[PDB]
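Have a look at the structure below before the remarks.
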Amino acid sequence: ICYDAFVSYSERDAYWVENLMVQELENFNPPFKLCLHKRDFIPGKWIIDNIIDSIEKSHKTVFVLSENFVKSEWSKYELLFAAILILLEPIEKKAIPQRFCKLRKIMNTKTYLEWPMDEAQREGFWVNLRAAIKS
Amino acid sequence: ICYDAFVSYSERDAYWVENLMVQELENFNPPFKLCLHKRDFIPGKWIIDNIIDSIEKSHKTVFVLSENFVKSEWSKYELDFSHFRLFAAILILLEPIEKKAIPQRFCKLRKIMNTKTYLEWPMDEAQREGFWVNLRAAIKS
Amino acid sequence: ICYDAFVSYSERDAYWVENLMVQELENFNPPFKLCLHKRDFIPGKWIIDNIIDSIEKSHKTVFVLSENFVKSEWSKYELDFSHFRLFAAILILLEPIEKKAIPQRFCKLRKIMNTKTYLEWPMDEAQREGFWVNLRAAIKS
Amino acid sequence: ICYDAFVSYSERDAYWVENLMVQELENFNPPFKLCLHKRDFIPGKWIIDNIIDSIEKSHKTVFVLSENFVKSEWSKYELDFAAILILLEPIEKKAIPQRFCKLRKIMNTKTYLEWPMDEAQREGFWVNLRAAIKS
């Protein structure tokens with residue numbers, strides 16, 4: 001085991017993950033060891049490779065859910081269920097196709113963390129996230 | 001499986017790989033069949049593919065370490081290609097690399113640089129005769 | 001698995017599949033989960049895969065056989081998807097076909113028209129009420 | 001088993017395969033059951049699928065060798081591991097890159113059949129072939 005978490009996010013949500021989340025975690029004290037998929041990996045796309053082995057070499061895996069993540073990043077996983085979900089923006093459970101089940105399942109169960117649209121509550125969001133990670 | 005070794009290096013440490021090691025390994029008798037990174041990858045296909053097909057079509061992969069390579073090439077072999085479990089891979093430490101200067105995300109390489117299991121290019125021309133003796137020794141293992 | 005069954009059919013045989021089979025299966029109670037070939041296959045993906053992403057994403061595969069079908073869409077499963085050895089796959093037979101008009105390259109489909117293992121869709125405006133019951137039971141099987 | 005033989009060839013040698021070869025066999029009597037790869041399968045490219053399986057469904061496997069066969073068809077074999085070879089055009093064992101070795105093997109095994117450069121021997125070319133095919 002090498003990192004405390006594998007963060008699977010989408011190139012669009014990149015800003016949030018590589019900037020803000022990285023700030024509230026990799027710059028914590030003591031710091032968290034993060035393996036950001038989109039930042040650390042060759043921007044080419046894959047599966048067997050790393051992902052699993054990279055995941056299995058990190059204490060936890062974070063899926064930064066959002067509509068962007070559905071379009072382009074989920075598609076693979078459907079085709080770890082330990083796993084920490086993060087709902088960055090509200091996704092319409094319905095608006096989610098019926099061919100993307102495992103998501104729905106893992107979704108509805110509610111083993112997820114919801115990022116707040118209210119600046120004030122962010123301070124707490126992390127607190128729960130770090131806790132979840134360090135769980 | 002057509003090569004003896006797939007040498008992966010940085011353009012920075014070019015001269016050495018191309019003008020010293022190659023001579024040393026290719027001319028040696030008998031000679032070695034080498035696949036060469038920044039000097040001989042096939043068109044069309046994208047690099048990473050070439051890199052793979054190479055890593056795949058050759059007995060061993062010889063990595064030429066150097067702060068500049070750790071900064072621009074090593075990420076690949078420890079992540080995107082983790083599934084290749086390359087860590088039999090031979091490592092050459094061309095120059096010195098302080099451990100603490102190694103990105104924290106690179107645990108395989110850190111374990112490498114701690115286990116001191118790499119061929120270290122000597123600065124005393126005298127000792128190279130031996131360097132070369134283990135490099136082949138290694139490749140041909 | 002994310003779908004109860006994946007219906008593979010021609011475009012000439014739609015009304016049947018898309019209006020009846022749907023009504024009878026996607027409106028039962030409790031309703032079924034169906035993946036209709038010429039209806040829910042995504043764009044950004046190439047058909048073949050689009051298929052493999054359904055075959056595997058469903059408990060069973062329903063092959064609405066017809067004359068047209070064999071002509072315009074059977075090949076795919078005779079060799080392309082011949083590694084999946086689909087022959088648990090349900091085989092419907094919506095209309096008659098002369099076993100002599102079936103291409104000789106379609107070995108497997110031959111065996112299909114011999115062991116006559118499939119649900120033939122009846123002309124009997126009465127014996128049909130039982131086709132769909134044999135259908136569901138094949139799916140839910 | 002179901003096919004008399006399998007034909008692996010480069011899209012660029014089709015006119016010879018999908019034409020001369022066929023009108024010489026699939027149109028013989030009794031006709032041969034041939035499954036030409038570039039002709040019958042979907043133009044998508046793969047490996048596990050078909051090929052080995054479709055191969056395990058023919059009494060033989062015929063490779064139509066030629067510079068074009070290497071540029072687009074052999075690369076696939078060299079990486080993965082009865083066989084009738086049909087050298088269409090003379091291919092110098094030199095031009096064969098050091099990365100096409102399982103090839104220089106089969107090649108330097110001279111277990112092939114050459115396409116004659118003289119109209120005369122043509123009619124004969126087809127004989128030896130049909131032989132090896134049915135044999």
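Lettering and numbering for the structure tokens are positional, with chains as A, B, ... in the shown order, residues counted from 1 in each chain, and ligands counted from 1 in the shown order.
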
Chain fit, chain B moved to chain C over all Cα pairs in order, as a compact mmCIF listing (two decimals) with C-alpha atoms, in the first residue's frame:
# COMPACT_ATOMS: atom_id res chain seq x y z
CA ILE B 1 -25.29 -7.14 -15.65
CA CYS B 2 -28.08 -4.59 -15.78
CA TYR B 3 -30.75 -5.90 -18.17
CA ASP B 4 -33.05 -8.91 -18.33
CA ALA B 5 -32.58 -9.23 -22.06
CA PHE B 6 -30.79 -7.59 -25.01
CA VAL B 7 -33.22 -7.73 -27.94
CA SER B 8 -31.50 -7.80 -31.32
CA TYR B 9 -33.70 -7.25 -34.29
CA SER B 10 -33.92 -5.84 -37.79
CA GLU B 11 -35.60 -2.56 -38.67
CA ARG B 12 -37.85 -4.58 -40.94
CA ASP B 13 -39.51 -6.40 -38.03
CA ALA B 14 -39.57 -3.21 -36.00
CA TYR B 15 -43.26 -2.73 -35.21
CA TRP B 16 -43.46 -6.14 -33.58
CA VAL B 17 -40.39 -5.82 -31.42
CA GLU B 18 -41.19 -2.27 -30.37
CA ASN B 19 -44.97 -2.20 -30.36
CA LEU B 20 -45.89 -5.74 -29.31
CA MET B 21 -43.09 -7.53 -27.55
CA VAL B 22 -41.88 -4.54 -25.58
CA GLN B 23 -45.40 -3.79 -24.33
CA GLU B 24 -45.79 -7.50 -23.54
CA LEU B 25 -42.53 -7.73 -21.60
CA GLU B 26 -42.03 -4.25 -20.19
CA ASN B 27 -45.58 -3.61 -18.97
CA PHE B 28 -45.98 -7.15 -17.55
CA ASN B 29 -45.93 -7.27 -13.76
CA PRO B 30 -43.40 -7.17 -12.48
CA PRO B 31 -41.66 -5.57 -15.50
CA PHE B 32 -38.55 -6.52 -17.57
CA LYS B 33 -35.52 -4.30 -18.21
CA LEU B 34 -34.69 -4.51 -21.89
CA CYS B 35 -31.74 -3.33 -23.93
CA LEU B 36 -32.92 -2.44 -27.42
CA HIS B 37 -30.92 -2.76 -30.66
CA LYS B 38 -32.05 -0.51 -33.52
CA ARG B 39 -33.75 1.90 -31.11
CA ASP B 40 -31.41 2.51 -28.19
CA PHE B 41 -27.65 2.07 -28.63
CA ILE B 42 -25.21 4.61 -27.16
CA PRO B 43 -23.42 7.19 -29.39
CA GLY B 44 -19.69 7.64 -29.75
CA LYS B 45 -18.91 3.94 -29.38
CA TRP B 46 -19.39 2.00 -32.57
CA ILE B 47 -22.32 -0.31 -32.93
CA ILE B 48 -20.52 -3.62 -32.54
CA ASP B 49 -19.19 -2.25 -29.25
CA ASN B 50 -22.68 -1.37 -28.07
CA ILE B 51 -23.89 -4.74 -29.18
CA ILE B 52 -21.16 -6.35 -27.11
CA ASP B 53 -21.46 -4.21 -24.01
CA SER B 54 -25.10 -5.08 -24.23
CA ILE B 55 -24.66 -8.80 -24.81
CA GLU B 56 -22.28 -8.51 -21.83
CA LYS B 57 -24.39 -6.34 -19.54
CA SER B 58 -27.58 -8.45 -19.71
CA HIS B 59 -28.72 -11.90 -18.58
CA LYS B 60 -29.95 -13.16 -21.96
CA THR B 61 -29.90 -12.15 -25.64
CA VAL B 62 -33.18 -12.47 -27.50
CA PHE B 63 -32.75 -12.76 -31.27
CA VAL B 64 -35.74 -11.96 -33.49
CA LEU B 65 -35.29 -14.13 -36.57
CA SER B 66 -36.71 -13.32 -40.00
CA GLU B 67 -35.31 -13.76 -43.48
CA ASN B 68 -34.43 -10.09 -43.47
CA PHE B 69 -32.46 -10.42 -40.20
CA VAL B 70 -30.74 -13.57 -41.33
CA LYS B 71 -29.73 -11.57 -44.40
CA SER B 72 -28.37 -8.47 -42.66
CA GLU B 73 -27.60 -9.13 -38.98
CA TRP B 74 -27.06 -12.79 -38.14
CA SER B 75 -23.55 -12.98 -39.58
CA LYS B 76 -22.27 -11.00 -36.61
CA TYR B 77 -23.51 -13.24 -33.87
CA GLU B 78 -22.17 -16.44 -35.40
CA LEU B 79 -18.70 -15.25 -36.30
CA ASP B 80 -17.33 -11.99 -34.92
CA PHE B 81 -18.93 -12.89 -31.66
CA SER B 82 -18.22 -16.60 -31.70
CA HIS B 83 -15.98 -16.25 -28.68
CA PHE B 84 -19.08 -15.30 -26.66
CA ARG B 85 -20.32 -18.86 -27.14
CA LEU B 86 -23.90 -17.51 -27.18
CA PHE B 87 -24.82 -20.92 -28.66
CA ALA B 88 -27.90 -19.21 -23.30
CA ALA B 89 -29.42 -17.22 -26.19
CA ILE B 90 -33.14 -17.16 -26.91
CA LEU B 91 -34.40 -17.30 -30.48
CA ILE B 92 -37.72 -16.12 -31.86
CA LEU B 93 -38.76 -17.09 -35.36
CA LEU B 94 -41.06 -14.27 -36.38
CA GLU B 95 -41.84 -15.67 -39.82
CA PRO B 96 -41.05 -18.96 -41.53
CA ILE B 97 -37.53 -19.55 -42.82
CA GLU B 98 -36.88 -22.47 -45.14
CA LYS B 99 -33.79 -24.33 -43.92
CA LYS B 100 -32.26 -24.81 -47.33
CA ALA B 101 -32.49 -21.03 -47.73
CA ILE B 102 -30.01 -20.65 -44.88
CA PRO B 103 -26.49 -19.73 -45.94
CA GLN B 104 -24.24 -22.76 -45.66
CA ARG B 105 -21.69 -20.83 -43.61
CA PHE B 106 -24.18 -20.49 -40.78
CA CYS B 107 -23.86 -23.87 -39.06
CA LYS B 108 -24.89 -22.66 -35.64
CA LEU B 109 -28.13 -21.27 -37.00
CA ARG B 110 -28.68 -24.38 -39.12
CA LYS B 111 -28.34 -26.49 -35.98
CA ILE B 112 -30.75 -24.07 -34.35
CA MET B 113 -33.34 -24.32 -37.12
CA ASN B 114 -33.01 -28.12 -37.07
CA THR B 115 -33.24 -28.58 -33.32
CA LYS B 116 -36.38 -26.49 -33.53
CA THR B 117 -35.37 -24.76 -30.29
CA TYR B 118 -36.80 -21.33 -30.89
CA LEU B 119 -40.04 -19.70 -29.92
CA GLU B 120 -42.16 -19.53 -33.03
CA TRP B 121 -44.63 -16.62 -33.27
CA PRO B 122 -48.04 -18.18 -33.97
CA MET B 123 -50.34 -16.86 -36.69
CA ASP B 124 -53.41 -17.80 -34.68
CA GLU B 125 -53.89 -14.86 -32.36
CA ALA B 126 -55.32 -17.50 -30.06
CA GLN B 127 -51.95 -19.15 -29.47
CA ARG B 128 -49.93 -16.00 -28.71
CA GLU B 129 -51.12 -15.90 -25.09
CA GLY B 130 -48.85 -18.94 -24.82
CA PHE B 131 -46.02 -17.58 -26.97
CA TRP B 132 -45.65 -14.78 -24.45
CA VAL B 133 -45.80 -17.31 -21.64
CA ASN B 134 -42.70 -19.07 -22.91
CA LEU B 135 -40.93 -15.91 -23.95
CA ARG B 136 -40.86 -14.66 -20.38
CA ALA B 137 -40.35 -18.18 -19.12
CA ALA B 138 -37.33 -18.18 -21.34
CA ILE B 139 -35.93 -14.76 -20.55
CA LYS B 140 -36.28 -15.37 -16.82
CA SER B 141 -34.65 -18.81 -16.99

Can you pull out every residue within 10 Å of residue 51 (chain A), counting only C-alpha atoms, but drop anything in the same chain fewer than 2 positions away, and send it as a PyMOL selection string?
-> (chain A and resi 6-8+37+41+46-49+53-57+61) or (chain B and resi 79-80+82-83)

Can I get the selected residues back with N, CA, C and O atoms, as a compact mmCIF listing (two decimals), in the first residue's frame?
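For reference, selection06.txt as written:
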# COMPACT_ATOMS: atom_id res chain seq x y z
N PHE A 6 -7.01 6.96 -3.90
CA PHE A 6 -6.93 7.08 -5.34
C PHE A 6 -8.14 7.92 -5.70
O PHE A 6 -9.25 7.58 -5.34
N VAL A 7 -7.92 9.02 -6.40
CA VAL A 7 -9.03 9.88 -6.73
C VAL A 7 -9.34 9.82 -8.20
O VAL A 7 -8.58 10.30 -9.03
N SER A 8 -10.48 9.22 -8.52
CA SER A 8 -10.93 9.09 -9.90
C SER A 8 -11.91 10.22 -10.21
O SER A 8 -13.04 10.23 -9.72
N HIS A 37 -5.72 10.48 -10.63
CA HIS A 37 -5.69 9.81 -11.90
C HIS A 37 -5.44 10.70 -13.09
O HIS A 37 -4.57 10.42 -13.89
N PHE A 41 -1.54 10.50 -14.40
CA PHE A 41 -1.42 9.58 -15.53
C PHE A 41 -1.36 10.18 -16.93
O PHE A 41 -1.93 11.23 -17.20
N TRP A 46 -7.35 4.09 -20.15
CA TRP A 46 -6.97 2.68 -19.98
C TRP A 46 -7.87 1.99 -18.96
O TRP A 46 -8.95 2.48 -18.67
N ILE A 47 -7.43 0.84 -18.43
CA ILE A 47 -8.23 0.12 -17.44
C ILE A 47 -7.39 -0.76 -16.53
O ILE A 47 -6.95 -0.34 -15.47
N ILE A 48 -7.21 -2.01 -16.96
CA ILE A 48 -6.43 -3.01 -16.23
C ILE A 48 -5.30 -2.24 -15.62
O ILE A 48 -5.16 -2.13 -14.40
N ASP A 49 -4.51 -1.67 -16.52
CA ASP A 49 -3.35 -0.87 -16.18
C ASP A 49 -3.66 -0.02 -14.98
O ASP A 49 -4.81 0.30 -14.71
N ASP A 53 -4.36 -1.81 -10.20
CA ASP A 53 -3.10 -1.92 -9.48
C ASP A 53 -2.80 -0.64 -8.70
O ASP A 53 -2.25 -0.70 -7.61
N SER A 54 -3.16 0.51 -9.26
CA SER A 54 -2.91 1.78 -8.58
C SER A 54 -3.89 1.92 -7.43
O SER A 54 -3.57 2.47 -6.38
N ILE A 55 -5.09 1.42 -7.64
CA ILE A 55 -6.12 1.46 -6.62
C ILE A 55 -5.68 0.51 -5.51
O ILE A 55 -5.46 0.92 -4.38
N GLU A 56 -5.52 -0.75 -5.86
CA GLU A 56 -5.13 -1.76 -4.90
C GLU A 56 -3.86 -1.40 -4.15
O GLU A 56 -3.49 -2.10 -3.21
N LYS A 57 -3.20 -0.32 -4.55
CA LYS A 57 -1.99 0.09 -3.84
C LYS A 57 -2.23 1.35 -3.04
O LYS A 57 -1.31 2.02 -2.62
N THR A 61 -10.38 4.64 -2.46
CA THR A 61 -10.62 5.15 -3.79
C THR A 61 -11.78 6.11 -3.73
O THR A 61 -12.83 5.79 -3.20
N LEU B 79 3.20 3.85 -13.16
CA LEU B 79 1.76 3.98 -13.06
C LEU B 79 1.02 3.40 -14.25
O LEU B 79 0.44 2.33 -14.15
N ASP B 80 1.04 4.10 -15.38
CA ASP B 80 0.35 3.63 -16.56
C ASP B 80 0.76 2.23 -16.94
O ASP B 80 0.00 1.49 -17.55
N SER B 82 1.80 -0.05 -14.62
CA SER B 82 1.99 -0.82 -13.40
C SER B 82 1.62 -2.26 -13.64
O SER B 82 2.26 -3.16 -13.11
N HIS B 83 0.59 -2.49 -14.45
CA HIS B 83 0.14 -3.83 -14.74
C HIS B 83 1.21 -4.73 -15.37
O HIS B 83 1.02 -5.95 -15.46

Members of region 12-130 of chain A assigned helix (DSSP H, G or I) by DSSP, as number ranges by chain | A: 14-23, 37-40, 48-55, 67-78, 101-108, 119-130

Just to be explicit: take each residue in the selection above, keep N, CA and C atoms, and write the result as a compact mmCIF listing (two decimals), in the first residue's frame.
# COMPACT_ATOMS: atom_id res chain seq x y z
N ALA A 14 -11.61 18.58 -13.02
CA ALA A 14 -10.18 18.72 -12.71
C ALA A 14 -9.87 19.84 -11.74
N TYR A 15 -10.36 21.03 -12.05
CA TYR A 15 -10.09 22.16 -11.19
C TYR A 15 -10.37 21.89 -9.73
N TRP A 16 -11.58 21.42 -9.43
CA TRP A 16 -11.97 21.13 -8.06
C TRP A 16 -11.04 20.13 -7.38
N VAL A 17 -10.81 19.02 -8.06
CA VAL A 17 -9.94 17.97 -7.55
C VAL A 17 -8.48 18.35 -7.40
N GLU A 18 -7.84 18.74 -8.50
CA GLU A 18 -6.42 19.11 -8.46
C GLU A 18 -6.06 20.39 -7.69
N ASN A 19 -7.02 21.30 -7.59
CA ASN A 19 -6.81 22.57 -6.91
C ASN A 19 -7.30 22.66 -5.46
N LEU A 20 -8.62 22.63 -5.27
CA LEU A 20 -9.21 22.75 -3.94
C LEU A 20 -9.06 21.50 -3.09
N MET A 21 -9.43 20.34 -3.61
CA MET A 21 -9.30 19.13 -2.81
C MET A 21 -7.87 18.81 -2.44
N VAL A 22 -6.98 19.00 -3.40
CA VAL A 22 -5.55 18.76 -3.22
C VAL A 22 -5.07 19.72 -2.14
N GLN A 23 -5.62 20.93 -2.15
CA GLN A 23 -5.24 21.91 -1.17
C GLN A 23 -5.69 21.50 0.23
N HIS A 37 -5.72 10.48 -10.63
CA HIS A 37 -5.69 9.81 -11.90
C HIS A 37 -5.44 10.70 -13.09
N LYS A 38 -6.20 11.78 -13.21
CA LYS A 38 -6.07 12.69 -14.36
C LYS A 38 -4.84 13.53 -14.37
N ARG A 39 -4.32 13.83 -13.19
CA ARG A 39 -3.12 14.62 -13.10
C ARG A 39 -1.86 13.78 -13.24
N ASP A 40 -1.82 12.66 -12.53
CA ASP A 40 -0.65 11.79 -12.54
C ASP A 40 -0.45 10.88 -13.73
N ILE A 48 -7.21 -2.01 -16.96
CA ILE A 48 -6.43 -3.01 -16.23
C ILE A 48 -5.30 -2.24 -15.62
N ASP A 49 -4.51 -1.67 -16.52
CA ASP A 49 -3.35 -0.87 -16.18
C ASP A 49 -3.66 -0.02 -14.98
N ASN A 50 -2.60 0.37 -14.28
CA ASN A 50 -2.71 1.23 -13.11
C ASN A 50 -4.05 1.11 -12.39
N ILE A 51 -4.98 2.01 -12.72
CA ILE A 51 -6.29 2.01 -12.11
C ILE A 51 -6.39 0.93 -11.05
N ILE A 52 -6.66 -0.31 -11.44
CA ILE A 52 -6.74 -1.36 -10.44
C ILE A 52 -5.47 -1.44 -9.59
N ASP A 53 -4.36 -1.81 -10.20
CA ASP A 53 -3.10 -1.92 -9.48
C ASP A 53 -2.80 -0.64 -8.70
N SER A 54 -3.16 0.51 -9.26
CA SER A 54 -2.91 1.78 -8.58
C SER A 54 -3.89 1.92 -7.43
N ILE A 55 -5.09 1.42 -7.64
CA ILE A 55 -6.12 1.46 -6.62
C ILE A 55 -5.68 0.51 -5.51
N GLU A 67 -22.13 15.20 -13.20
CA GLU A 67 -22.62 14.79 -14.52
C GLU A 67 -21.45 14.56 -15.47
N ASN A 68 -20.44 15.42 -15.36
CA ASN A 68 -19.26 15.28 -16.19
C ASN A 68 -18.65 13.90 -15.98
N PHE A 69 -18.59 13.45 -14.74
CA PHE A 69 -18.01 12.15 -14.47
C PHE A 69 -18.81 11.02 -15.08
N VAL A 70 -20.10 11.25 -15.29
CA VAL A 70 -20.93 10.21 -15.85
C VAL A 70 -20.61 10.10 -17.32
N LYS A 71 -20.75 11.21 -18.03
CA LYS A 71 -20.49 11.22 -19.46
C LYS A 71 -19.26 10.41 -19.82
N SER A 72 -18.11 10.93 -19.40
CA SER A 72 -16.80 10.39 -19.73
C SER A 72 -15.97 9.53 -18.79
N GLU A 73 -16.26 9.50 -17.50
CA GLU A 73 -15.41 8.69 -16.64
C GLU A 73 -16.01 7.41 -16.09
N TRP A 74 -17.33 7.38 -15.96
CA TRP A 74 -17.99 6.20 -15.39
C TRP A 74 -18.03 5.04 -16.35
N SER A 75 -18.41 5.35 -17.58
CA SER A 75 -18.52 4.41 -18.69
C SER A 75 -17.63 3.18 -18.54
N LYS A 76 -16.39 3.42 -18.14
CA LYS A 76 -15.42 2.35 -17.97
C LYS A 76 -15.73 1.45 -16.78
N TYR A 77 -15.80 2.01 -15.58
CA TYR A 77 -16.06 1.21 -14.39
C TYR A 77 -17.27 0.31 -14.47
N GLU A 78 -18.37 0.82 -15.00
CA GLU A 78 -19.58 0.01 -15.11
C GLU A 78 -19.20 -1.31 -15.80
N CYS A 101 -26.03 0.84 -14.30
CA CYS A 101 -26.56 0.35 -13.04
C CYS A 101 -25.67 0.54 -11.83
N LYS A 102 -24.64 -0.31 -11.75
CA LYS A 102 -23.71 -0.30 -10.63
C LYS A 102 -23.60 1.10 -10.06
N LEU A 103 -23.61 2.11 -10.94
CA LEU A 103 -23.56 3.48 -10.46
C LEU A 103 -24.82 3.65 -9.62
N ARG A 104 -25.97 3.61 -10.27
CA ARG A 104 -27.23 3.73 -9.56
C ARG A 104 -27.17 2.99 -8.22
N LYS A 105 -26.86 1.69 -8.24
CA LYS A 105 -26.79 0.91 -7.00
C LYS A 105 -25.95 1.67 -5.99
N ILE A 106 -24.64 1.66 -6.21
CA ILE A 106 -23.70 2.34 -5.33
C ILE A 106 -24.26 3.73 -5.00
N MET A 107 -24.93 4.34 -5.97
CA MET A 107 -25.52 5.65 -5.78
C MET A 107 -26.54 5.56 -4.65
N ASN A 108 -27.80 5.32 -5.01
CA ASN A 108 -28.91 5.21 -4.06
C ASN A 108 -28.56 4.78 -2.64
N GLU A 119 -20.80 28.03 0.73
CA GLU A 119 -19.43 28.26 1.20
C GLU A 119 -19.18 27.92 2.66
N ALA A 120 -20.11 28.31 3.51
CA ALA A 120 -19.99 28.08 4.94
C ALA A 120 -19.76 26.63 5.33
N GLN A 121 -20.57 25.74 4.76
CA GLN A 121 -20.49 24.32 5.08
C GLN A 121 -19.31 23.52 4.55
N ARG A 122 -18.53 24.11 3.65
CA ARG A 122 -17.38 23.41 3.10
C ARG A 122 -16.45 22.98 4.23
N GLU A 123 -16.10 23.91 5.10
CA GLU A 123 -15.24 23.58 6.22
C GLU A 123 -15.61 22.21 6.79
N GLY A 124 -16.89 21.91 6.84
CA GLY A 124 -17.30 20.62 7.39
C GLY A 124 -17.14 19.48 6.40
N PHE A 125 -17.45 19.75 5.14
CA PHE A 125 -17.34 18.76 4.07
C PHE A 125 -16.02 18.03 4.20
N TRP A 126 -14.93 18.79 4.11
CA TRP A 126 -13.62 18.20 4.22
C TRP A 126 -13.59 17.36 5.48
N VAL A 127 -13.66 18.02 6.63
CA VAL A 127 -13.65 17.31 7.90
C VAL A 127 -14.21 15.89 7.78
N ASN A 128 -15.35 15.73 7.11
CA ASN A 128 -15.94 14.40 6.96
C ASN A 128 -15.16 13.57 5.99
N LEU A 129 -14.70 14.20 4.91
CA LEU A 129 -13.91 13.53 3.87
C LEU A 129 -12.59 12.97 4.40
N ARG A 130 -11.84 13.80 5.14
CA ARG A 130 -10.57 13.38 5.73
C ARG A 130 -10.86 12.18 6.61

From the DSSP assignment of the backbone, select every residue of chain A that is strand (DSSP E or B), and format the answer as a PyMOL selection string.
-> chain A and resi 3+5-8+34-36+58+61-65+83-87+112-114

Output file for the selection above: N, CA, C and O atoms, as a tab-separated table (two decimals), in the first residue's frame:
chain	number	residue	atom	x	y	z
A	3	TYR	N	-0.42	4.89	-1.39
A	3	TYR	CA	-1.14	6.16	-1.15
A	3	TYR	C	-2.35	5.99	-0.23
A	3	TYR	O	-2.91	4.90	-0.13
A	5	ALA	N	-5.17	7.31	-0.82
A	5	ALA	CA	-6.38	7.41	-1.61
A	5	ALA	C	-6.14	7.58	-3.10
A	5	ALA	O	-5.20	8.24	-3.52
A	6	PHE	N	-7.01	6.96	-3.90
A	6	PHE	CA	-6.93	7.08	-5.34
A	6	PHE	C	-8.14	7.92	-5.70
A	6	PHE	O	-9.25	7.58	-5.34
A	7	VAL	N	-7.92	9.02	-6.40
A	7	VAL	CA	-9.03	9.88	-6.73
A	7	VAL	C	-9.34	9.82	-8.20
A	7	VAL	O	-8.58	10.30	-9.03
A	8	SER	N	-10.48	9.22	-8.52
A	8	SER	CA	-10.93	9.09	-9.90
A	8	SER	C	-11.91	10.22	-10.21
A	8	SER	O	-13.04	10.23	-9.72
A	34	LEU	N	-1.87	11.52	-2.04
A	34	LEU	CA	-2.91	11.30	-3.04
A	34	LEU	C	-2.42	10.86	-4.41
A	34	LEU	O	-1.34	11.28	-4.84
A	35	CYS	N	-3.19	10.02	-5.10
A	35	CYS	CA	-2.84	9.61	-6.46
A	35	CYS	C	-3.96	10.08	-7.34
A	35	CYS	O	-4.94	9.38	-7.46
A	36	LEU	N	-3.82	11.26	-7.93
A	36	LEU	CA	-4.86	11.78	-8.80
A	36	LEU	C	-4.69	11.17	-10.17
A	36	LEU	O	-3.66	11.32	-10.81
A	58	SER	N	-3.50	1.64	-2.80
A	58	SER	CA	-3.89	2.81	-2.04
A	58	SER	C	-5.07	2.46	-1.13
A	58	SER	O	-6.01	1.80	-1.55
A	61	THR	N	-10.38	4.64	-2.46
A	61	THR	CA	-10.62	5.15	-3.79
A	61	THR	C	-11.78	6.11	-3.73
A	61	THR	O	-12.83	5.79	-3.20
A	62	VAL	N	-11.58	7.29	-4.28
A	62	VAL	CA	-12.60	8.33	-4.27
A	62	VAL	C	-13.12	8.57	-5.66
A	62	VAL	O	-12.36	8.79	-6.58
A	63	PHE	N	-14.43	8.51	-5.81
A	63	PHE	CA	-15.02	8.78	-7.10
A	63	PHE	C	-15.69	10.13	-7.02
A	63	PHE	O	-16.69	10.28	-6.33
A	64	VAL	N	-15.14	11.13	-7.70
A	64	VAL	CA	-15.76	12.44	-7.68
A	64	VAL	C	-16.90	12.50	-8.68
A	64	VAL	O	-16.71	12.89	-9.83
A	65	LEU	N	-18.09	12.09	-8.22
A	65	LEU	CA	-19.30	12.05	-9.03
A	65	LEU	C	-19.83	13.43	-9.39
A	65	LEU	O	-19.72	14.37	-8.61
A	83	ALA	N	-14.73	2.21	-0.82
A	83	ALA	CA	-14.87	3.22	-1.86
A	83	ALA	C	-15.64	4.40	-1.27
A	83	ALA	O	-16.66	4.21	-0.62
A	84	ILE	N	-15.14	5.61	-1.50
A	84	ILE	CA	-15.77	6.82	-0.99
A	84	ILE	C	-16.34	7.63	-2.14
A	84	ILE	O	-15.62	8.05	-3.04
A	85	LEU	N	-17.64	7.88	-2.11
A	85	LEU	CA	-18.26	8.64	-3.17
A	85	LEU	C	-18.31	10.10	-2.82
A	85	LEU	O	-18.39	10.44	-1.65
A	86	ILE	N	-18.24	10.96	-3.83
A	86	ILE	CA	-18.31	12.40	-3.63
A	86	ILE	C	-19.22	12.91	-4.70
A	86	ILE	O	-18.96	12.72	-5.89
A	87	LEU	N	-20.31	13.55	-4.30
A	87	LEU	CA	-21.23	14.10	-5.26
A	87	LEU	C	-20.86	15.57	-5.33
A	87	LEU	O	-21.22	16.33	-4.45
A	112	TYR	N	-22.25	8.03	0.22
A	112	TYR	CA	-21.57	9.18	-0.35
A	112	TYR	C	-21.58	10.50	0.41
A	112	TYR	O	-22.39	10.73	1.29
A	113	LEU	N	-20.65	11.36	0.01
A	113	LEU	CA	-20.47	12.69	0.59
A	113	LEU	C	-20.88	13.73	-0.44
A	113	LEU	O	-20.47	13.66	-1.60
A	114	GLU	N	-21.69	14.68	-0.01
A	114	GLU	CA	-22.19	15.73	-0.88
A	114	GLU	C	-21.52	17.08	-0.67
A	114	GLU	O	-21.57	17.66	0.40

Selection near region 118-134 of chain D, 9 Å with only C-alpha atoms, sequence-local residues under 6 positions removed, as a VMD selection string = chain D and resid 4 to 5 21 24 to 25 32 59 to 62 82 84 86
